[PDB]
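Here we start with a single chain on its own, the form deposited in one PDB entry, put down as structure tokens.
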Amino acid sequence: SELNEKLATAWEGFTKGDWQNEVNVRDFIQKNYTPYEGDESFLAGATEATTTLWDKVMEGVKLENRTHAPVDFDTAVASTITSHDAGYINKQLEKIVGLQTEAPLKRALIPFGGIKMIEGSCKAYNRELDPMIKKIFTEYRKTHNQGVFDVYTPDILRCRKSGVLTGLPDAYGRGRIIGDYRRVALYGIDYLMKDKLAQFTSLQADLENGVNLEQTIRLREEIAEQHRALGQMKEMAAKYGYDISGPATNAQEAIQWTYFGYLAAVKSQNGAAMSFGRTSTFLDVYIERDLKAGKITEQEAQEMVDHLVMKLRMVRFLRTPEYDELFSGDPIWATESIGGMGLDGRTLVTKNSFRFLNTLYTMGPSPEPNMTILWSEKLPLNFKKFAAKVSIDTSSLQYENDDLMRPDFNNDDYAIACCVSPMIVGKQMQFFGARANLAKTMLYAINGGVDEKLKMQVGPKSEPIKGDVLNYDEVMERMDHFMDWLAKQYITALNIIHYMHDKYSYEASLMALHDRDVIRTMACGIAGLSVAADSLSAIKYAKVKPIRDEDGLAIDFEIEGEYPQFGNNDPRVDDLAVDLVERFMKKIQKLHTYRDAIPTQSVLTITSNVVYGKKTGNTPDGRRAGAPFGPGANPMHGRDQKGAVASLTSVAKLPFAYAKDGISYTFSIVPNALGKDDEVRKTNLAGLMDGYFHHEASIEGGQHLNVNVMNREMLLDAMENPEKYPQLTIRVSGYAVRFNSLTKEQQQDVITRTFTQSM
């Protein structure tokens, strides 16, 4: 009798399945969603409530961009799931409700991660931290930040300072965790609490029998803290007049219930990336049903989605200036995975798939949510064209290869965390690790571990390369060794980091929405792949000569001849990049990791391409000192000159089999390069992607693609006239950003990047 009276009332009309007897969101979707292959013809426009609400919010957004600072934020309250009272923009107009604090865009204090960062923010934005809060989180409640720096080695500290291993999650929430928020809409809190209680009890035997004693005790307490979090979710909702103890009854509640789950998360955790998951299709099941019963109109459907997506555009977090340069544009990464194909061949695309992209029109361009299209050659052409259309009109979408990941996971319910990190919802998470500086690692190989800017020993002491002319084999050999060292220091830092985060900032509310046992990966990132690969190409195909100073340190390089650069579909250099990705992966792969997280790799950088760039001296490839690296796996600025097809082919060659955490690529192409009119552009854009993502047994294919369709001229104009593009949005590294939210220097990077002029 797993069919209570409300359960039955709430699920009235839903197809039966295991999902009614156990927690299985995937099954529910499979037995109930209705595939859609039509076009946008049905989409409705914004309601007056929507426009009124959004415009009010934009006023705060303009203030943020203009002042490059928070509109406001807490100074004396420690944020919790239940700490704040309900806040609204206009209670009489919102269909979906919920704010992190009591006021739109006001940022909170999440002290559990560390008190020093909060002080830094207070100082930077001219505000005073409440002395009691400071005392509590320095003497009574130890923070994640304190725990990490109490266990760090001086070597790691040197790497942090020199710029070889900087920006790791030791001063901000680790994130990279997506709780299955859909669960609360489907089952209700009470049902989920009973399920957790069962999970809790299932560990008693092992405990009593001393089986994995410490691991079992840890999991028990975690599940207990999870159970307690679910109860707080209810209290949180209650403050808003909602009772979410039971399952969602209609579309409106399905949306509200799911958002409420996410709200608890962004009210309690600092995560660099707090992704939404794969919810559009799921919610469509409730929308369809209400539509078919004539309980809701189509325009009322969009309104709800709009108000949901609107709240996602309002998620904010207090960050330090240091954080701002590591992750530019006030990012949040409220990622939504749309479309895709099921394992049974039908498309997961639905009307709600369109409703989501339509928020870009209904409310203009927006950086968040980070809407990600799970691409497949088998997608309904109607959808392929419309997505491309939205990309052409807004440059607010990103695409990931569903033909590649779906099979790799052999699951059709996986989502994208942050930029390109895949995970099966509710069953897997990542132990976030920013990225290491691969380029500086090569310089260390040439300078015997001495940093070229600080001139102090950082890497293992060893003899610097002597020749007057660099030689490929020799340089590769020393780099290989220095990469062993990097891998050991990197894993070591992450091991202590995730040990402390589990201890002082366990994300209870998010883990409560996962199975009892969750798969964990140790995601390691690589920055400057293209500067590293080219540098080698220069050395292996041209004559690179080091210019050394009085101490013999290589401070510059002269080049005689030309060499194949990455991104021009030239195996000579591309094979070198493919090789680097492979080496590093095979190295971090041999190290022991905390809680046995499976080491993984990603070619992602975020704004680390800028921070690592200015901390890295002249390199063999020719890049001058202080120059930004390329975003993610992108060729170095302007070096990919053989058009789109070429650059796309080079990147697609990068082995996702060794970069399971994702391979980011930002593609900027001028309007006319795609065609003379939108119909041609839509068709050509789609075509380009089908080729890039083309997955075959002997052709892995590309994994990700940001799509920017614009003219460099337009950006230059924006720089001069901010007030003219309040909502201008652009893809910059695997996520979107409002151009005006960037700094001068960061904009400088963007505008100097490659603007594909032809195919």
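Superpose the two forms; the largest set of C-alphas matching within 1.5 Å is the rigid core. From 1 onward, residues are counted along the sequence shown.
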property	result
Given 58-66 and 719-727, the range whose Cα B-factors average higher in the PDB entry	719-727
Residue stretch of maximal mean CA temperature factor, 148-156 vs 458-466	458-466
Maximum C-alpha temperature factor, selected from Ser505, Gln226, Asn382, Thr216	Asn382
Lowest, middle or highest third - CA B-factor, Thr166	lowest
Third of the chain's Cα B-factor distribution that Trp375 belongs to, per the entry	highest
Ranked C-alpha temperature factor of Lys123 among modelled chain residues, by third	lowest
For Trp333, the third of its chain into which the C-alpha B factor falls	lowest
B-factor third for the C-alpha atom of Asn411 within its chain	middle
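What comes next is about the form deposited in another entry, which is not displayed.
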| property | result |
| --- | --- |
| Single mover in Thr359, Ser280, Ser268, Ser328, with Cα shift of 2 Å or more between the shown form and the other one when the core is superposed | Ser328 |
| Post core alignment: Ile606 C-alpha displaced by 2 Å or more between the shown form and the other one | yes |
| CA of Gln226, rigid core aligned, shift of 2 Å or more between the shown form and the other one | no |
| Post core alignment: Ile178 C-alpha displaced by 2 Å or more between the shown form and the other one | no |
| Cα-Cα shift for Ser608 and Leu109, closer or farther in that other deposited form, minimum 3 Å | farther |
| Pairwise C-alpha change, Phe327 versus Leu157, in that other deposited form against this form - closer or farther, 3 angstroms or more | farther |
